[PDB]
Each structure stands twice: as structure tokens, then as C-alpha cells.
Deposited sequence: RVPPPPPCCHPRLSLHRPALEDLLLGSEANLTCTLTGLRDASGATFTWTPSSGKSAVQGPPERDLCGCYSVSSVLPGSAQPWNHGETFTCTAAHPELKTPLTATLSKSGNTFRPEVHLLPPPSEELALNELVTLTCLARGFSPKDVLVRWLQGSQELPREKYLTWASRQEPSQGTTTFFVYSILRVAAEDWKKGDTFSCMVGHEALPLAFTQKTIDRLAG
């Protein structure tokens, strides 16, 4: 077992849609998940959670720092030092909300002409690109009604080919009934990203 310390940013889903958000400092690789102490950078009281195995045996413990949305969004730099008897010198991890952010360019693409001729299902494609950091949300609406997650597929945020600064992209395909598309009702891809002015943006499409 080889103790490792990693600190995790607040989930974008919580920042933009939750009423709470937390940073999570995890210490993985523990043969005996006892006597782990976390202490950080002077706010609210951080809750440790229970021990837990990781992969290939071994254990791990985490410390969530509740109610961190506002400090995170203000530009605060967090530091988490974890002390344990299975490491020599307590390990440290720093993290702060990112500068050098870029808004996603959001596009929603019509179905391929071939699929329109098939007349069964048609594929709508949403593309968000040019954004950083890679964390992003994608939701779908038909008309003004949000579609359940189970009716579309969102790929992982991946780095773009670029000579220069790093940007990310994400695709999402929603397949709908050809009749719905041809009868003329709208479809919308909604994208959440911390660099957007209103946190969310939307593109809408129809024939």
C-alpha cells in the first residue's frame, strides 16, 4: 500500500445546480485506515468520513470540507495536509478555482439526411468545444420539457487538437422519433460551464 493524497474540486453539478458543494481530500493506499488527521486552510469544520478500500486491496479515508461554494467561487486557495503514521512527513495538496477559463462554443447539429429518409429515429448532435476547464454539464430538452438522462449519451470531456493553449470538447447525441422532428417541434442542448456568463447556455434547433 502506497499512501497518496489527492484533493478534488467541488463537483460542477453541485456548484451550478446544488445548494451545497464540498472539496474532498482523499488519502488512498492505507494498510490501517486509523489515526488519519486532516487540517486545512479558518472556515467551517471539516468532516472526516469512514474508511474504505480502494483497488488492489488497501484502504482510504476522506475529509469533505462542507459549504465551500462561496470561498471556491471567490478565488480562495485551499490547502489540505493529511498526517498519518504510515507516511513519514504528512502530505499536502493545494487547489484553487481556475483562471484562464474559456467559454464553450455550443452547437446543435441537425440529423443526417440519410436518417431523415429512413423515417425511424433521427440523431441530434450537441457539440460544446473551445472551453476550459474540462468540467461541463449537458442536458437536453424537447420543446420546453427536459428529457430524462436515459434518452441521450454524453461522451467524456476530451482535449482538442490545438497548436497553442489547451481547450476541451464534448459531444452528446439524442435520438428522437423522425415524426417529432418532421412535425416541427424544437430541441435544445443545454450546457453548464463555469466560464459561461449565466453559468448555463442553450442552443435550439428545428427543421
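Enquirer: For this chain, which runs of the deposited sequence have no C-alpha coordinates, given in order from the N-terminus?
Expert: Seq positions lacking coordinates: 1-8, 50-51, 218-220.
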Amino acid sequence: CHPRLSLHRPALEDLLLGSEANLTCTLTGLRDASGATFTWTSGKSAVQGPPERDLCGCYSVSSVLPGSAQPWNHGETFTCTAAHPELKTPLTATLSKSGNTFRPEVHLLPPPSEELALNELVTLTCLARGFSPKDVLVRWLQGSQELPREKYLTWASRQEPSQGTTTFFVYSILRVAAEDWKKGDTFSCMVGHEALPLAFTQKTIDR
From here on, numbers count along this sequence of modelled residues.
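Enquirer: Could you check which stretch, 191-199 or 9-17, carries the larger mean CA temperature factor in the entry?
Expert: It is 9-17.
Enquirer: Out of 162-170 and 50-58, which stretch has the higher average CA B-factor listed in the record?
Expert: Mean CA B-factor is higher for 50-58.
Enquirer: Name the residue from 110, 99, 90, 104 with the greatest C-alpha temperature factor listed in the entry.
Expert: Answer for 110, 99, 90, 104: 90, with the highest C-alpha B-factor.
Enquirer: Select lowest, middle or highest to describe the third in which the CA B-factor of residue 157 falls within its chain in this entry.
Expert: It belongs to the lowest third of the chain when residues are ordered by C-alpha B-factor.
Enquirer: Considering every modelled residue of the chain and its Cα B-factor in the PDB entry, is residue 134 in the lowest, middle or highest third?
Expert: Within its chain, residue 134 is a middle-third residue by C-alpha B-factor, going by the deposited values.
Enquirer: What third of its chain, lowest, middle or highest, does the C-alpha temperature factor of residue 182 fall into?
Expert: CA B-factor rank for residue 182: middle third.
Enquirer: Sorting the chain's CA B-factors, does residue 73 end up in the lowest, middle or highest third?
Expert: CA B-factor rank for residue 73: middle third.
Enquirer: Sorting the chain's CA B-factors, does residue 79 end up in the lowest, middle or highest third?
Expert: Residue 79: CA B-factor falls in the highest third of its chain.
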